[PDB]
């Protein structure tokens, strides 16, 4: 009776408010620090979501930690893309109900380029007219799409979970359309989007890494996010991580 997709709908966390203070000088540093504060709280939600995600807690605890540390920015950027798609059709960055960034508020130092990168992710949801259930299944697969080159401790459990949610994405596609005639074409398009997320998020991550390590910029990070980045960053820069791609890339 209960389907995996119906459970994904039910565990999806509610959207957080930023509590942003509009009376303060609109500056790039203040904005980046406000966004990181929101990001730390969204990462906490995401960890609670992963604990509730069927199958995830069967992984060794060190693998649960690895997957969340490696994929957090993909998860956050994908969900920002979805919110921006549903709330503005990809025209504004809809970070929170009380923090919406339109094109002219983007005209800020360093900010404009990173903001355009985030809009491109939203623009793919518009292009493909992604359904909610396709989005939820894809989001699981982002949690499961970056791993150490040397492998995981519970590799057999991981391979089982990942294959389970690849199957579930297929079920979401069938549920969407009704003419199964495009089901393979749709699966191809969405797995190409998954593969492309590694490149689309890579530039966000490099910028985050720079603002993290370069204390001169005075960008603030909250404690749990700082801990995660401090563990993720050396593995990423050393080339010890690999993306799990569906297609020849």
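Numbering follows the first chain given and starts at 1.
- The stretch 99-107 shows the higher mean C-alpha B-factor when 99-107 is compared against 129-137 in the entry.
- In this entry, 116-124 has the higher mean Cα B-factor, the comparison being between 116-124 and 74-82.
- Ranking 88, 164, 179, 145 by Cα temperature factor from the entry places 179 first.
- Annotation for residue 40: C-alpha temperature factor in the middle third relative to the rest of the modelled chain, per the entry.
- In the deposited entry, the Cα temperature factor of residue 196 sits in the bottom third of values across the chain's modelled residues.
- Annotation for residue 230: CA B-factor lies in the middle third of the chain's modelled residues.
- Remark: residue 169 belongs to the lowest third of its chain, ranked by C-alpha B-factor as recorded.
- Annotation for residue 14: CA B-factor lies in the middle third of the chain's modelled residues.
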